[PDB]
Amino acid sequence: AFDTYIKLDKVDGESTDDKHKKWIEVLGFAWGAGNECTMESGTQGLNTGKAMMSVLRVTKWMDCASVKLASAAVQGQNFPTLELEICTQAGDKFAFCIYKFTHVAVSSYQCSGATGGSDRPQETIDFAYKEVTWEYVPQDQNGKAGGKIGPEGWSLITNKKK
């Protein structure tokens, strides 16, 4: 259920499934946005102010991407595009949620090792970006998919939509 993959330009991960070959296998993502809307209690309009977005926080094991992720950090390396993709365990293994970032960087890379229990050390990566898109897809109780829900998004270079 909710198997998550993520793609970086010229950065081979280790995945194996048909639709995500050499992608990076990821556990959790965590991501957020929201504006500066106060509870005011004195102003007539709402007053949304400015828009804002959060880094994406990826969790995953060590793989073949580690070293590049490690270097990316201290290198301030610019990527054109990061694609996040969560795909259904059942149904048709399709992506019911397709995220898309543009102008991405690794803002932090962390590493740590349980020691003697769970296999594979675990890393946590923070991906800073400029632009992004949501895209969601429902699933027919009959197993199959349904219509895709209008790909929308936002840009921190323009402070406009999509």
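Residue positions are given as counts along the sequence shown, with the first one as 1.
- Taking only CA atoms, the mean B-factor in the PDB entry is higher for 35-43 than for the other of 64-72 and 35-43.
- Higher average CA B factor: 133-141, of the stretches 133-141 and 23-31.
- Ranking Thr102, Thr59, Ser107, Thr48 by Cα temperature factor from the entry places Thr48 first.
- In the deposited entry, the Cα temperature factor of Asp92 places it in the highest third of its chain's modelled residues.
- Per the deposited record, the Cα B-factor of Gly113 falls in the middle third when ranked against the other modelled residues of its chain.
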